[PDB]
Amino acid sequence: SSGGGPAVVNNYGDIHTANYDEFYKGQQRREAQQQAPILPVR
Amino acid sequence: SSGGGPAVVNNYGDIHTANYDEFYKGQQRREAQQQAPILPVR
Amino acid sequence: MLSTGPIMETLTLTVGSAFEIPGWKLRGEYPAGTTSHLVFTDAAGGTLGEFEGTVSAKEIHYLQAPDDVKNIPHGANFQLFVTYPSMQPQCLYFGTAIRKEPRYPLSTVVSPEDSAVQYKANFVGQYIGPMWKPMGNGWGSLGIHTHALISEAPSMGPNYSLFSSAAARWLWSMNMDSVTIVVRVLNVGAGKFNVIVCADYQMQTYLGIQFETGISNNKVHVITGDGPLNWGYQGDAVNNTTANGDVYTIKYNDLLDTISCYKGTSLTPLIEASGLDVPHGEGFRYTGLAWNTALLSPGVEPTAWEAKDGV
Amino acid sequence: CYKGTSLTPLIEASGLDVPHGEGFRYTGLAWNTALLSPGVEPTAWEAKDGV
Amino acid sequence: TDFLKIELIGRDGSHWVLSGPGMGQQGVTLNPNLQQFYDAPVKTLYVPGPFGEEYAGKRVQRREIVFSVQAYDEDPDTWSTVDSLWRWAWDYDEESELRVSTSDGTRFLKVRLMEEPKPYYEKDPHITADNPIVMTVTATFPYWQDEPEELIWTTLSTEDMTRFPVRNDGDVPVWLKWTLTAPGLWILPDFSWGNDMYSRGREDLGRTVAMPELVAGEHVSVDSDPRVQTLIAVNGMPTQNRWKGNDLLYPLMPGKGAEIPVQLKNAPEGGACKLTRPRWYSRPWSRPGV
Amino acid sequence: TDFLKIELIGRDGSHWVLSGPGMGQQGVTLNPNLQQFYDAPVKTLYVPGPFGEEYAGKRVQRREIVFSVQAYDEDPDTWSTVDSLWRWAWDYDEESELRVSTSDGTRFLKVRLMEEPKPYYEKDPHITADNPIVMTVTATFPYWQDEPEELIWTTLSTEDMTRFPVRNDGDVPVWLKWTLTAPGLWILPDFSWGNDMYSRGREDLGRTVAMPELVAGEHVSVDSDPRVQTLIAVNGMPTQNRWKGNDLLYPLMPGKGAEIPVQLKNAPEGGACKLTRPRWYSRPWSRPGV
Amino acid sequence: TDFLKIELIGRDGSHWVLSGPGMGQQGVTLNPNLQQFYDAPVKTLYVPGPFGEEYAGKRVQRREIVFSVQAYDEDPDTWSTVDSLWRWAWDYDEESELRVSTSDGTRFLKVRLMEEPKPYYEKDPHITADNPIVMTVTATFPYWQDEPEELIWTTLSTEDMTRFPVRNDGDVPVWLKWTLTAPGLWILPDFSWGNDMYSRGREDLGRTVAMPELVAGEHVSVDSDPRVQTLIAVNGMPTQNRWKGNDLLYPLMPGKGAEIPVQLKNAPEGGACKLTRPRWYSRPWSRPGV
């Protein structure tokens with residue numbers, strides 16, 4: 001039952017419902033966390 | 001047979017299985033290739 | 001299709017087999033004077049073979065010796081023509097000849113480089129183990145003696161409950177003719193102990209070194225095998241004493257064909273024989289041990305055994 | 001140890017308290033000189049299983 | 001049927017009749033339901049506009065033909081020979097010819113294996129000796145074509161001119177090929193035929209372009225199709241390097257034809273030219289179009 | 001059928017006859033509908049072009065064979081023994097042979113377990129003692145193989161030369177392996193056979209590459225296969241550093257062969273050269289082609 | 001059948017016989033079609049290569065077992081008790097044992113609830129008192145296992161040595177555990193068994209590693225499996241901190257066995273050693289492998 005349907009689509013990963021804008025915003029947030037404290041205040 | 005199934009899904013392109021992580025990493029790698037040599041050593 | 005053509009068929013060729021086309025599958029109405037020929041050709045158009053079939057009133061028969069069809073390869077084209085009297089030849093069948101035979105990919109399967117092999121045995125378990133195959137006396141003719149009254153390692157010997165002399169063969173075979181057998185043995189009684197080299201799978205013919213330990217024997221012999229439990233001596237013999245825990249190295253050398261025995265660390269052969277008439281080579285690389293005691297008690301028996309391929 | 005082709009051991013020892021068997025079958029060489037110059041050195045080395 | 005014949009000439013030169021008169025004589029017939037075989041696949045382009053979308057142009061796509069053949073024989077050994085020969089008749093690197101013959105003539109398509117063939121049934125094929133092979137072949141050049149029409153004009157004069165009758169009777173524009181001898185300066189026609197692709201449809205009605213002055217022994221081939229470089233000398237000289245960015249821009253549009261002029265000057269020996277007009281079609285059979 | 005025999009030689013040396021004469025003697029038979037078994041999977045590359053897309057080359061893909069077997073026996077205990085033996089015949093790390101024997105000879109494929117087998121029905125297997133195992137095996141090397149041909153040339157001379165007869169009867173190019181003794185300077189053929197993948201198909205028709213001078217004990221294996229390093233010294237010395245950028249570039253193209261020349265010079269004790277030529281095919285069986 | 005017996009021992013110690021002799025005596029039987037139950041799931045890895053893809057390795061995956069049980073009783077109240085007991089037998093945080101007993105012995109798999117069970121039919125379950133529960137359990141450790149082989153060697157000597165006979169009869173590598181008393185310096189074997197994972201197959205054939213000198217009261221457990229830290233002392237001292245980057249690297253490969261040597265030195269009292277060899281299998285039942 002699970003093997004061969006949505007339960008294996010989940011194993012496939014982001015083939016069905018998965019959004020681009022949220023992923024891009026998350027990557028931007030991670031980069032901002034990485035780089036914000038080292039940017040100058042000027 | 002081929003026309004109207006997975007063989008035309010391939011023509012559609014990245015509608016089914018395709019992840020965002022390696023695409024973003026590849027874009028970052030291309031930008032790093034473009035910009036790394038011209039970044040100063042300081 | 002205004003003009004008829006031939007029929008595509010196949011012809012089977014086998015090495016060492018007569019090439020025959022039976023007449024019952026080439027049936028027809030052939031008047032006297034009708035001929036038939038079969039032509040085998042390669043891909044370039046060159047004739048690899050040409051044969052004439054026996055045309056009778058109702059059939060055409062082909063029959064060729066294997067030497068004629070030896071040189072036609074697998075996949076060569078063939079055409080069969082029948083010429084009626086006062087008429088032009090016509091092709092009945094055409095196609096490719098296949099070779100239906102065992103195919104040998106290796107040009108020469110040389111003897112594989114079976115590397116040197118080593119084995120050892122110490123006899124610490126309860127029973128002998130499957131690595132020793134009893135000979136002559138049959139299954140259950142071997143056993144382990146503890147020798148706890150002398151504080152020594154256990155030894156292999158015939159089970160003296162129902163046997164007095166018995167032989168065992170190593171389960172595996174050596175890969176080369178030259179071998180080395182190192183045995184650590186004890187002399188806790190009176191008897192004869194044979195180290196068997198270059199034996200057959202039944203231990204029918206072999207070289208061997210015999211240690212006789214007794215009140216008067218105290219001798220070492222070179223022996224030739226006739227049966228697992230019977231042997232014949234070769235040459236003279238050397239007087240020898242066997243103490244407990246005595247190590248003897250029996251080396252058989254194929255080149256410079258010889259058998260020799262060394263005691264302990266000395267490289268001088270205590271006994272040596274050369275030119276013994278025993279078959280060698282493949283199938284005669286088995287090693288073994290044998291015991292023969294007049295009484296029903298252990299005599300001279302090994303506590304440790306070791307075999308190495310090559311000298 | 002046998003020197004040259006002599007059939008009698010040049011030196012011999014027995015019963016040394018060293019573990020034997022599997023896991024203790026490695027071999028090697030060693031050198032120690034007081035001076036910074038070659039002393040006794042092996043031109044050729046060969047090892048063989050068994051005796 | 002006798003109205004249509006389909007043949008395959010393999011890369012090895014083997015000849016097979018899949019359908020039509022004499023089909024199956026070599027052991028292979030053509031199963032029904034073959035796709036992307038008749039019309040050349042074309043996709044059209046559209047830009048956003050006030051009333052929805054506006055036409056932007058068309059592009060012709062490569063043919064992805066999927067078809068099944070049936071290899072048959074009475075005995076399994078001969079069936080195996082037939083199947084092996086059929087497999088040998090195909091390749092990936094080089095293309096085999098697929099000819100269609102009707103009352104409109106014979107038109108051929110060059111096809112290669114797009115992927116591995118799918119042979120046989122579920123069980124082993126020696127049981128049946130009659131097995132289907134599904135084949136996915138591809139046509140990089142998607143147009144069906146006939147043998148090109150060739151004309152030759154030779155002269156001995158130092159300066160001369162000639163007229164070549166040209167007419168596209170097919171469905172699609174064709175690209176002319178020229179073979180010009182050396183030495184000599186040629187002027188070749190590049191008529192627009194009213195084609196407005198560069199917004200010069202009637203400005204280039206009588207366009208003529210001068211090839212660079214060819215030196216002795218530098219016979220050239222001038223192929224106007226975009227697949228290949230335009231100017232190529234047979235002695236290896238870099239002729240197009242001397243051409244200042246000039247080129248042939250216009251194909252022979254369908255339904256168009258005229259007496260195109262060829263001019264030769266400064267030819268002390270007096271040279272020759274050959275015009276090759278391809279006959280490309282988008283369909284295996286079609287009535288001629290005026 | 002007697003025309004086709006399929007066997008498996010397991011990683012533990014077990015011999016199973018799945019189809020053909022003697023099938024099922026070991027308890028396991030082969031079920032129909034086995035995929036990617038006959039033709040080597042090849043993908044073709046296409047790049048945009050003027051008339052759609054243009055052919056850009058081919059890449060062969062690893063084989064993925066999904067096939068079912070049936071393990072059967074009269075009693076559940078011995079059936080369980082058979083099923084356990086069949087499972088023991090396979091592994092993930094090490095490969096086992098799948099051999100196909102027909103009138104064209106015997107050709108094998110090295111296959112390994114791609115994933116875990118899917119055994120039995122939905123109920124208890126001991127109920128029926130006759131159960132199917134679904135195997136998804138993979139062939140990293142997708143070509144069916146025959147036993148490679150080995151040729152030996154031993155010479156006692158300081159300088160000598162020999163002609164190795166070589167011929168590719170398969171449908172795919174093969175890569176030769178050389179085993180050269182030391183000391184000595186070897187010259188080995190790197191003939192292009194007309195292969196033009198380095199733009200030197202005619203320039204390298206009789207190309208010979210001189211291996212670096214070998215010191216005593218530096219026996220070398222010189223394998224043209226891209227999967228392995230070309231020069232490998234048996235004692236571990238870096239011998240490719242003395243090779244100055246030269247390499248063996250060309251495989252043995254299909255349908256090509258000759259007496260390739262091998263030269264030995266400066267050999268104080270002679271030398272021995274072994275040539276191993278693989279015999280690769282894309283199908284379990286096929287008639288010879290030329 | 002009587003050739004196979006399946007039991008569940010819940011988190012609370014309850015015992016259920018789902019299949020085999022005496023099945024259903026506790027009210028719960030096993031429905032057909034249980035999946036990912038026999039073979040341990042493994043995914044194989046492949047890198048791009050010249051001939052397609054090259055084998056890169058294998059990874060064993062966790063078991064995701066979906067199976068149905070059927071809880072039944074004559075009266076709905078007793079059915080409710082049975083259903084509640086079955087629910088109490090399972091948990092998410094702690095694992096329950098699933099034992100398979102055949103002629104090859106009894107092997108157990110530790111499984112936990114992967115998600116909420118799906119009970120009952122479309123109507124209320126008291127109508128029938130015979131209802132199915134669909135269970136999606138998971139095995140984080142995917143190998144079926146038996147009780148490990150344990151050996152003990154105690155001594156009174158200050159310096160001593162012993163040999164432990166060891167042999168992997170299963171189809172998967174197992175990781176050894178040691179229990180070593182203190183004080184004393186131990187030399188433990190880490191034989192490669194010819195395994196080439198570190199490219200030191202026969203280089204590490206007789207590898208032995210020295211544990212750090214244990215002080216009084218610092219009895220240690222040395223577990224080679226990667227799930228757990230190697231050195232753990234019973235008194236909480238950081239023994240591994242004194243073990244300067246050393247580790248046990250090799251598992252006991254299948255089909256391999258020997259008399260592994262253990263050495264004890266600097267032990268004034270004379271210590272004790274215990275060796276635990278797990279019996280891991282990839283299948284609920286299998287004949288012993290040699």
# chains A, B, ... in the order shown; residues from 1 in each chain; ligands from 1
$ interface_residues --of "chain C" --to "chain E" --cutoff "8 Å" --atoms "only C-alpha atoms" --output "CSV table (one decimal) with N, CA, C and O atoms, in the first residue's frame"
chain,number,residue,atom,x,y,z
C,1,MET,N,4.6,-10.2,-56.2
C,1,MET,CA,5.9,-10.9,-56.4
C,1,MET,C,5.8,-11.7,-57.7
C,1,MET,O,5.4,-12.8,-57.7
C,8,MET,N,15.0,-18.7,-47.4
C,8,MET,CA,16.0,-18.5,-46.4
C,8,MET,C,16.0,-19.6,-45.4
C,8,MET,O,15.0,-19.8,-44.7
C,9,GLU,N,17.1,-20.3,-45.2
C,9,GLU,CA,17.3,-21.4,-44.3
C,9,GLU,C,18.6,-21.2,-43.6
C,9,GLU,O,19.3,-20.2,-43.7
C,10,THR,N,18.9,-22.3,-42.8
C,10,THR,CA,20.2,-22.3,-42.1
C,10,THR,C,20.8,-23.7,-42.3
C,10,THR,O,20.1,-24.7,-42.5
C,96,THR,N,22.6,-18.4,-44.1
C,96,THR,CA,23.9,-18.5,-43.4
C,96,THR,C,24.0,-19.8,-42.6
C,96,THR,O,23.1,-20.3,-42.1
$ calpha_fit_and_write --fixed "chain B" --moving "chain A" --output "CSV table (one decimal) with N, CA and C atoms, in the first residue's frame"
chain,number,residue,atom,x,y,z
A,1,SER,N,2.4,5.7,-27.3
A,1,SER,CA,2.9,5.2,-26.0
A,1,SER,C,3.7,6.3,-25.3
A,2,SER,N,4.7,6.8,-26.0
A,2,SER,CA,5.6,7.8,-25.5
A,2,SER,C,4.9,9.1,-25.3
A,3,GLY,N,4.1,9.5,-26.3
A,3,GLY,CA,3.4,10.8,-26.2
A,3,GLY,C,2.2,10.7,-25.3
A,4,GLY,N,2.2,11.4,-24.2
A,4,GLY,CA,1.1,11.4,-23.3
A,4,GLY,C,1.4,10.8,-21.9
A,5,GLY,N,2.7,10.5,-21.6
A,5,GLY,CA,3.1,9.9,-20.4
A,5,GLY,C,4.4,10.5,-19.8
A,6,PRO,N,5.2,9.7,-19.1
A,6,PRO,CA,6.5,10.2,-18.7
A,6,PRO,C,7.4,10.6,-19.8
A,7,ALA,N,7.3,10.1,-21.0
A,7,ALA,CA,8.1,10.5,-22.1
A,7,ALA,C,7.8,11.9,-22.6
A,8,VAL,N,6.6,12.4,-22.3
A,8,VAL,CA,6.3,13.8,-22.5
A,8,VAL,C,6.4,14.6,-21.3
A,9,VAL,N,6.4,14.0,-20.1
A,9,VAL,CA,6.7,14.7,-18.8
A,9,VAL,C,8.2,15.1,-18.9
A,10,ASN,N,9.0,14.3,-19.5
A,10,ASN,CA,10.4,14.8,-19.8
A,10,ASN,C,10.5,16.0,-20.6
A,11,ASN,N,9.6,16.1,-21.6
A,11,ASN,CA,9.5,17.3,-22.4
A,11,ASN,C,9.0,18.5,-21.6
A,12,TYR,N,8.0,18.2,-20.8
A,12,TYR,CA,7.5,19.2,-19.8
A,12,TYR,C,8.7,19.8,-19.1
A,13,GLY,N,9.5,19.0,-18.5
A,13,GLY,CA,10.7,19.4,-17.8
A,13,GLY,C,10.5,19.8,-16.3
A,14,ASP,N,11.2,19.2,-15.4
A,14,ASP,CA,11.2,19.4,-14.0
A,14,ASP,C,9.8,19.6,-13.4
A,15,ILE,N,8.8,18.9,-13.9
A,15,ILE,CA,7.5,18.9,-13.3
A,15,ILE,C,7.4,17.9,-12.2
A,16,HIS,N,7.8,16.7,-12.5
A,16,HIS,CA,8.0,15.6,-11.5
A,16,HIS,C,9.4,15.7,-11.0
A,17,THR,N,10.0,14.6,-10.5
A,17,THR,CA,11.2,14.6,-9.6
A,17,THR,C,12.2,15.6,-10.1
A,18,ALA,N,12.5,16.6,-9.2
A,18,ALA,CA,13.5,17.7,-9.4
A,18,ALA,C,13.7,18.4,-8.1
A,19,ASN,N,14.9,18.5,-7.6
A,19,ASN,CA,15.2,19.0,-6.3
A,19,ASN,C,15.6,20.5,-6.3
A,20,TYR,N,15.3,21.2,-5.2
A,20,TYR,CA,15.6,22.6,-5.1
A,20,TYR,C,17.0,22.9,-4.6
A,21,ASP,N,17.5,22.1,-3.6
A,21,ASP,CA,18.8,22.3,-3.0
A,21,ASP,C,19.9,22.1,-3.9
A,22,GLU,N,19.8,21.0,-4.8
A,22,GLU,CA,20.9,20.8,-5.8
A,22,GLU,C,20.9,21.9,-6.8
A,23,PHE,N,19.8,22.4,-7.3
A,23,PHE,CA,19.7,23.5,-8.2
A,23,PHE,C,20.3,24.7,-7.6
A,24,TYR,N,20.0,25.1,-6.4
A,24,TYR,CA,20.5,26.2,-5.7
A,24,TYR,C,22.0,26.1,-5.6
A,25,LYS,N,22.5,24.9,-5.2
A,25,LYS,CA,23.9,24.8,-5.0
A,25,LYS,C,24.7,24.9,-6.3
A,26,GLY,N,24.0,24.4,-7.4
A,26,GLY,CA,24.7,24.5,-8.7
A,26,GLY,C,24.8,26.0,-9.2
A,27,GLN,N,23.7,26.7,-8.9
A,27,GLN,CA,23.7,28.1,-9.3
A,27,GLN,C,24.8,28.9,-8.4
A,28,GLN,N,24.9,28.5,-7.1
A,28,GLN,CA,25.9,29.1,-6.3
A,28,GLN,C,27.3,28.8,-6.8
A,29,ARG,N,27.5,27.5,-7.2
A,29,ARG,CA,28.8,27.1,-7.7
A,29,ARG,C,29.1,27.9,-9.0
A,30,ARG,N,28.2,28.1,-9.9
A,30,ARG,CA,28.4,28.8,-11.1
A,30,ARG,C,28.8,30.3,-10.8
A,31,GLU,N,28.0,30.9,-9.9
A,31,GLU,CA,28.4,32.3,-9.5
A,31,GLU,C,29.7,32.3,-8.8
A,32,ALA,N,30.1,31.3,-8.0
A,32,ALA,CA,31.4,31.3,-7.4
A,32,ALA,C,32.5,31.2,-8.4
A,33,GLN,N,32.3,30.3,-9.4
A,33,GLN,CA,33.3,30.3,-10.5
A,33,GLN,C,33.4,31.6,-11.2
A,34,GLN,N,32.3,32.3,-11.4
A,34,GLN,CA,32.4,33.6,-12.1
A,34,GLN,C,33.1,34.6,-11.2
A,35,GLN,N,32.9,34.7,-9.9
A,35,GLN,CA,33.3,35.8,-9.1
A,35,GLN,C,34.5,35.5,-8.3
A,36,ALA,N,34.9,34.3,-8.0
A,36,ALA,CA,36.0,34.0,-7.1
A,36,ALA,C,37.4,34.5,-7.6
A,37,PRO,N,37.8,34.3,-8.9
A,37,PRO,CA,39.1,34.8,-9.3
A,37,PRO,C,39.2,36.3,-9.2
A,38,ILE,N,38.1,37.1,-9.3
A,38,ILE,CA,38.2,38.5,-9.3
A,38,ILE,C,38.0,39.1,-7.9
A,39,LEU,N,37.7,38.3,-6.9
A,39,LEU,CA,37.6,38.8,-5.5
A,39,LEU,C,39.1,39.1,-5.0
A,40,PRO,N,39.3,40.1,-4.2
A,40,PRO,CA,40.6,40.4,-3.7
A,40,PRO,C,41.0,39.3,-2.6
A,41,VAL,N,42.3,39.3,-2.4
A,41,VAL,CA,42.9,38.4,-1.4
A,41,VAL,C,42.9,38.9,0.0
A,42,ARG,N,42.8,40.3,0.2
A,42,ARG,CA,42.8,40.9,1.5
A,42,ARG,C,41.7,40.3,2.4
$ residues_around --residues "residue 189 in chain G" --least-positions-apart "5" --cutoff "12 Å" --atoms "only C-alpha atoms" --output "ChimeraX atom specification"
/D:22-24 /G:161-164,166,176-178,204-211,222,224,247-252,258-263,275
$ write_last_selection --atoms "C-alpha atoms" --output "PDB file, in the first residue's frame"
ATOM      1  CA  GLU D  22      48.028 -15.176  14.389  1.00  0.00           C
ATOM      2  CA  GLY D  23      48.593 -11.460  14.856  1.00  0.00           C
ATOM      3  CA  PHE D  24      52.314 -11.985  15.574  1.00  0.00           C
TER       4      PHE D  24
ATOM      5  CA  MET G 161      47.551 -14.246  26.704  1.00  0.00           C
ATOM      6  CA  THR G 162      44.548 -16.118  25.342  1.00  0.00           C
ATOM      7  CA  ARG G 163      42.872 -16.988  22.048  1.00  0.00           C
ATOM      8  CA  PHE G 164      39.138 -16.582  21.481  1.00  0.00           C
ATOM      9  CA  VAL G 166      35.391 -16.458  16.579  1.00  0.00           C
ATOM     10  CA  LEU G 176      32.521  -7.358  18.591  1.00  0.00           C
ATOM     11  CA  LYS G 177      32.170  -6.200  22.186  1.00  0.00           C
ATOM     12  CA  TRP G 178      34.683  -6.658  24.994  1.00  0.00           C
ATOM     13  CA  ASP G 204      45.827  -5.074   8.810  1.00  0.00           C
ATOM     14  CA  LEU G 205      45.510  -8.872   8.821  1.00  0.00           C
ATOM     15  CA  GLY G 206      47.042  -9.136  12.288  1.00  0.00           C
ATOM     16  CA  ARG G 207      46.293  -5.684  13.655  1.00  0.00           C
ATOM     17  CA  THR G 208      46.263  -5.359  17.441  1.00  0.00           C
ATOM     18  CA  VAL G 209      45.472  -2.197  19.385  1.00  0.00           C
ATOM     19  CA  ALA G 210      46.586  -1.314  22.905  1.00  0.00           C
ATOM     20  CA  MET G 211      43.933   0.015  25.256  1.00  0.00           C
ATOM     21  CA  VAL G 222      34.822  -1.767  24.435  1.00  0.00           C
ATOM     22  CA  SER G 224      33.240  -1.782  18.232  1.00  0.00           C
ATOM     23  CA  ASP G 247      39.787   2.915  17.671  1.00  0.00           C
ATOM     24  CA  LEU G 248      38.541  -0.500  16.618  1.00  0.00           C
ATOM     25  CA  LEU G 249      37.973  -0.179  12.883  1.00  0.00           C
ATOM     26  CA  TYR G 250      37.065  -3.593  11.525  1.00  0.00           C
ATOM     27  CA  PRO G 251      34.004  -5.805  11.993  1.00  0.00           C
ATOM     28  CA  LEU G 252      33.985  -9.589  11.837  1.00  0.00           C
ATOM     29  CA  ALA G 258      40.047 -17.367  13.774  1.00  0.00           C
ATOM     30  CA  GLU G 259      41.563 -17.595  17.255  1.00  0.00           C
ATOM     31  CA  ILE G 260      41.861 -13.879  17.965  1.00  0.00           C
ATOM     32  CA  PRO G 261      44.557 -13.148  20.588  1.00  0.00           C
ATOM     33  CA  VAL G 262      43.965 -11.097  23.727  1.00  0.00           C
ATOM     34  CA  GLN G 263      46.942 -10.001  25.823  1.00  0.00           C
ATOM     35  CA  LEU G 275      33.996 -11.338  24.349  1.00  0.00           C
TER      36      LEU G 275
END
$ residues_around --residues "residue 53 in chain F" --least-positions-apart "4" --cutoff "7 Å" --atoms "only C-alpha atoms" --output "PyMOL selection string"
(chain E and resi 61-62+140) or (chain F and resi 46-49)
$ closest_atom_pairs --of "chain G" --to "chain F" --cutoff "7 Å" --atoms "only C-alpha atoms" --output "CSV"
residue,atom,partner,partner_atom,distance
G:1,CA,F:127,CA,6.7
G:3,CA,F:126,CA,6.7
G:32,CA,F:123,CA,5.0
G:33,CA,F:122,CA,4.0
G:34,CA,F:122,CA,6.7
G:39,CA,F:116,CA,6.1
G:40,CA,F:116,CA,6.6
G:41,CA,F:116,CA,5.4
G:42,CA,F:115,CA,5.5
G:43,CA,F:115,CA,5.5
G:44,CA,F:114,CA,5.8
G:50,CA,F:226,CA,6.8
G:51,CA,F:60,CA,6.0
G:52,CA,F:61,CA,4.2
G:53,CA,F:62,CA,5.8
G:54,CA,F:140,CA,5.7
G:55,CA,F:140,CA,6.6
G:58,CA,F:92,CA,7.0
G:286,CA,F:84,CA,5.4
G:287,CA,F:84,CA,5.9
$ write_last_selection --atoms "N, CA, C and O atoms" --output "CSV table (one decimal), in the first residue's frame"
chain,number,residue,atom,x,y,z
G,1,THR,N,1.5,-22.3,9.3
G,1,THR,CA,2.1,-23.6,9.3
G,1,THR,C,3.0,-23.9,10.5
G,1,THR,O,3.3,-23.0,11.3
G,3,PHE,N,6.1,-24.9,10.2
G,3,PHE,CA,7.5,-24.6,9.8
G,3,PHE,C,7.9,-23.2,10.2
G,3,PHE,O,9.1,-22.9,10.1
G,32,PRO,N,-2.4,-11.7,5.9
G,32,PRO,CA,-1.3,-11.8,4.9
G,32,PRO,C,-0.8,-10.5,4.4
G,32,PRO,O,-1.2,-9.4,4.9
G,33,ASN,N,0.2,-10.5,3.5
G,33,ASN,CA,0.8,-9.3,2.9
G,33,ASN,C,1.4,-8.4,3.9
G,33,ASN,O,1.0,-7.3,4.2
G,34,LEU,N,2.5,-8.9,4.5
G,34,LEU,CA,3.4,-8.1,5.3
G,34,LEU,C,4.7,-7.8,4.6
G,34,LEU,O,5.2,-8.7,3.9
G,39,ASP,N,13.9,-9.4,3.8
G,39,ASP,CA,15.2,-8.9,3.4
G,39,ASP,C,15.4,-7.5,4.0
G,39,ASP,O,14.5,-6.7,3.9
G,40,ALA,N,16.6,-7.3,4.5
G,40,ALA,CA,17.0,-6.0,5.0
G,40,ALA,C,17.1,-5.0,3.8
G,40,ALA,O,17.9,-5.3,2.9
G,41,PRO,N,16.4,-3.9,3.8
G,41,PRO,CA,16.5,-3.0,2.6
G,41,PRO,C,17.9,-2.4,2.5
G,41,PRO,O,18.4,-1.9,3.5
G,42,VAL,N,18.4,-2.4,1.3
G,42,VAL,CA,19.7,-1.9,1.0
G,42,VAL,C,19.6,-1.1,-0.3
G,42,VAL,O,19.0,-1.5,-1.2
G,43,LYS,N,20.2,0.1,-0.3
G,43,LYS,CA,20.3,0.9,-1.5
G,43,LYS,C,21.8,0.9,-1.9
G,43,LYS,O,22.7,1.1,-1.1
G,44,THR,N,22.1,0.7,-3.2
G,44,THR,CA,23.4,0.7,-3.8
G,44,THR,C,23.7,2.1,-4.4
G,44,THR,O,22.8,2.7,-4.9
G,50,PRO,N,32.9,6.0,-17.3
G,50,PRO,CA,33.1,5.9,-18.8
G,50,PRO,C,32.1,5.0,-19.4
G,50,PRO,O,31.7,5.3,-20.6
G,51,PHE,N,31.7,3.9,-18.8
G,51,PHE,CA,30.8,2.9,-19.3
G,51,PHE,C,29.4,3.0,-18.7
G,51,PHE,O,28.7,2.0,-18.5
G,52,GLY,N,29.0,4.2,-18.3
G,52,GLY,CA,27.7,4.4,-17.6
G,52,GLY,C,28.0,4.9,-16.2
G,52,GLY,O,28.4,6.0,-15.9
G,53,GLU,N,27.7,4.0,-15.2
G,53,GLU,CA,27.9,4.3,-13.8
G,53,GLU,C,28.7,3.2,-13.2
G,53,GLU,O,28.7,2.0,-13.6
G,54,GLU,N,29.5,3.5,-12.2
G,54,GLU,CA,30.4,2.6,-11.5
G,54,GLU,C,29.9,2.4,-10.1
G,54,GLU,O,29.4,3.4,-9.4
G,55,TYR,N,30.0,1.2,-9.6
G,55,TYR,CA,29.5,0.9,-8.2
G,55,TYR,C,30.3,1.7,-7.2
G,55,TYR,O,31.6,1.7,-7.2
G,58,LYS,N,27.3,0.4,-0.7
G,58,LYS,CA,26.0,0.0,-0.3
G,58,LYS,C,25.7,0.6,1.0
G,58,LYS,O,26.6,0.8,1.9
G,286,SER,N,17.5,-18.5,7.5
G,286,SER,CA,18.5,-18.8,6.5
G,286,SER,C,19.4,-19.9,6.9
G,286,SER,O,19.7,-20.0,8.1
G,287,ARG,N,19.8,-20.7,6.0
G,287,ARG,CA,20.7,-21.8,6.3
G,287,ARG,C,22.1,-21.2,6.6
G,287,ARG,O,22.5,-20.2,6.1
$ closest_atom_pairs --of "chain E" --to "chain B" --cutoff "12 Å" --atoms "only C-alpha atoms" --output "tab-separated table"
residue	atom	partner	partner_atom	distance
E:33	CA	B:1	CA	9.8
E:34	CA	B:1	CA	10.3
E:35	CA	B:3	CA	8.9
E:36	CA	B:3	CA	9.9
E:64	CA	B:2	CA	9.7
E:65	CA	B:2	CA	10.0
E:66	CA	B:2	CA	8.2
E:67	CA	B:1	CA	10.3
E:68	CA	B:1	CA	11.7
E:134	CA	B:1	CA	11.1
E:135	CA	B:2	CA	11.8
E:136	CA	B:2	CA	9.6
$ residues_around --residues "residue 61 in chain C" --least-positions-apart "5" --cutoff "10 Å" --atoms "only C-alpha atoms" --output "VMD selection string"
chain C and resid 20 to 27 36 52 to 56
$ select_by_dssp --residues "chain A" --states "helix (DSSP H, G or I)" --output "VMD selection string"
chain A and resid 6 to 12 20 to 35
